[PDB]
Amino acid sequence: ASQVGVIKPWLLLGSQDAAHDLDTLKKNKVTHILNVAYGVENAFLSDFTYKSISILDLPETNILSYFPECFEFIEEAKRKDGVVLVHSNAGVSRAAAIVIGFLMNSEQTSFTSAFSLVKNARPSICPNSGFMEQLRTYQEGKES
């Protein structure tokens, strides 16, 4: 009974249950799965292109440090005319922060606008307060 959020036509956000739900992965046209929890199995190894990046949902984790590895893989799915599911465990903090940061990086949209888009798509998000503050500061130097 998971419910993924649609962030872009090619970018979904969800939980480990979504990642383990072959019926809905197929309905949703998923081609790529980006697993950004810790210790969640990749259940359908022959069926999807996977990338896994271990992340702990703790305020002392620097979510910014995982961005290039995650964002390049999201872009792979887009470039291949596919659909990536970005998921973690509950799918409300690690994976949410990755997607918000992806939007900020790829479109230079603001934190508040990216956060609002993602929460409207997936109303359960609630990133840890460390991730929140990290995302607020992200690319302030660049944007000037």
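Counting begins at 1, following the sequence as shown.
When the C-alpha B-factors of 80 to 88 and 100 to 108 are averaged, 100 to 108 comes out higher.
Of the residues listed, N28, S46, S93, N35, the entry assigns the biggest Cα temperature factor to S46. In this structure the maximum Cα B-factor among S124, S129, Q16, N120 is found at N120.
When all modelled residues of the chain are sorted by CA temperature factor, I53 is found within the highest third.
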